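**Student:** One structure is given below, represented as structure tokens, and several questions about it will come after.
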Amino acid sequence: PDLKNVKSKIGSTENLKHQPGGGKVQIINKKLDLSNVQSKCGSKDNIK
Amino acid sequence: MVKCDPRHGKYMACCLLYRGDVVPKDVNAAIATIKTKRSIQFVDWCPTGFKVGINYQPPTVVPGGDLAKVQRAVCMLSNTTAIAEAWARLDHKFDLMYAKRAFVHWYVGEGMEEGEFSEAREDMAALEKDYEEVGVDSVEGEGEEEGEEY
């Protein structure tokens with residue numbers, strides 16, 4: 001009558017390494033350039 | 001009727017349009033108070049910054065309203081550096097949204113290019129400095145005045 005300790009069929013065997021982990025995000029942006037500036041509403045020559 | 005305090009700035013010019021029962025001396029008398037009231041500051045190169053209109057037809061009043069009938073009234077268009085407080089509000093609020101690029105796709109997806117935003121912000125950046133360059137005083141000026149509140 002000894003069955004020889006029969007094993008299960010068929011399980012979550014494909015999940016045994018699984019968690020799963022998460023990816024990443026980082027946003028974060030670049031500064032625009034506003035260095036092209038000069039005023040016009042005054043005098044630079046006729047002041048002299 | 002633009003929400004600011006004019007004492008944060010200086011006036012460039014003021015323009016007054018008089019309706020109804022008005023007479024030219026009683027305006028010359030009314031502006032004299034405004035010139036003397038130097039806490040109403042003009043730019044240091046504008047000594048008589050007034051333009052004036054007078055018209056024999058009054059305010060008309062609508063029946064659907066709460067506003068009274070008057071004999072005489074005025075409209076006041078004025079140029080001042082007191083609203084430069086407000087340029088520095090908009091261009092600050094723009095920087096917060098654009099530093100995260102928020103909503104930018106809704107303008108790009110409808111045919112504007114992205115570099116447009118940079119341009120208009122740079123025009124405002126030049127604008128900031130345009131308002132700095134008119135608000136300065138003369139190096140040829142000096143002054144002494146008897147009144148110390150106006």
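So basically every Cβ, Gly included, is an ideal-geometry build from the backbone, and we count neighbours across all protein chains shown. Throughout, read-outs are computed from the coordinates displayed, never taken from laboratory work.
**Student:** Count charges around A:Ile28 for me, please; just the other residues with Cβ under 11 Å from its Cβ, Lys/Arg as +1, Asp/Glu as -1. Show your work: numbers first, answer last.
**Tutor:** On the way: positive: A:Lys30, B:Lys100, B:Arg101; negative: none.
Taking every Cβ under 11 Å from that of A:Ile28, the sum is +3.
**Student:** Another question about this same structure. Taking chain B as the reference, fit the longest principal axis to its C-alpha atoms, fit the long axis of helix B:115-135 to the helix C-alpha atoms, and give the angle between the two in degrees, 0 to 90, nearest 10.
**Tutor:** The two axes meet at around 30 degrees.
**Student:** Determine the shielding of peptide B:123-132 by partner chains: average, over its residues, the number of Cβ atoms on other chains within 10 angstrom of each Cβ. Present the calculation step by step, with values, prior to reporting the outcome.
**Tutor:** Details: counts 1, 2, 4, 7, 4, 3, 6, 6, 2, 3.
If you average over the peptide's residues, the count of other-chain Cβ atoms is 4.
**Student:** Hey, any idea what the orientation-averaged projected area of the convex hull of chain B's Cα atoms comes to, in nm²?
**Tutor:** 14.8
**Student:** Along the charge dipole of chain A, Cβ charges K/R +1 and D/E -1, which of A:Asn46, A:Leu34, A:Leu16 sits furthest on the positive end?
**Tutor:** So the residue furthest toward the plus end is A:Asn46.
**Student:** Work out, in µm²/s and without decimals, the Stokes-Einstein translational diffusion coefficient of region B:83-140 at 10 °C, 1.306 mPa s, Rh from Kirkwood over C-alpha pairs.
**Tutor:** Using the Kirkwood radius from Cα pairs, D works out to 121 µm²/s.
**Student:** Follow-up. Taking H placed 1.01 Å from N in the peptide plane, check which residues at least 5 places from B:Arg72 or on another chain put their amide H under 5 Å from its amide H.
**Tutor:** Placed amide hydrogens put B:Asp21 under 5 Å from B:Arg72.
**Student:** Quantify how strongly other chains surround peptide A:21-33 by giving the mean number of their Cβ atoms within 10 Å of each of its Cβ atoms. Kindly include the intermediate steps, with their values, before the conclusion.
**Tutor:** Numbers: counts 0, 0, 0, 0, 0, 0, 2, 1, 4, 2, 3, 10, 2.
That average works out to 2.
**Student:** May I ask for the net charge around B:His92, where only other residues with Cβ less than 12 Å from the Cβ of B:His92 are counted and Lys, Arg are +1 while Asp, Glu are -1?
**Tutor:** Details: positive: B:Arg89, B:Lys93, B:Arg121; negative: B:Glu85, B:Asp91, B:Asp95, B:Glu128.
Within the 12 Å Cβ shell, the charges total -1.
**Student:** What number comes out for the charge environment of B:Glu145, summing +1 per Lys or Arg and -1 per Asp or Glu over other residues with Cβ under 15 Å away?
**Tutor:** Value of the local net charge: -4.
**Student:** Then there's this: Based on the Cα coordinates of the protein assembly as shown, what is the per residue volume of their convex hull in Å³? Can you show the working numbers first?
**Tutor:** Numbers: hull volume 76.8 nm³, N = 198.
Each residue corresponds to 388 Å³ of Cα convex hull volume.
**Student:** With the calculation restricted to Cα positions, what are the radius of gyration and Dmax of region B:1-82 in angstrom?
**Tutor:** Using the Cα atoms of region B:1-82, the pair Rg, Dmax is 14.7, 46 Å.
**Student:** Using the Cα centre of chain B as origin and beta-carbon charges of +1 (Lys, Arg) and -1 (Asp, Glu), tell me which of B:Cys15, B:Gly49, B:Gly111 is placed farthest towards the positive end of the dipole.
**Tutor:** Result: B:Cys15.
**Student:** Right, something else. What percentage of all Cα-Cα pairs in chain A are separated by more than 12 Å?
**Tutor:** On the way: 954 of 1128 pairs.
The calculated P(r) of chain A puts 85 percent of pairs beyond 12 Å.
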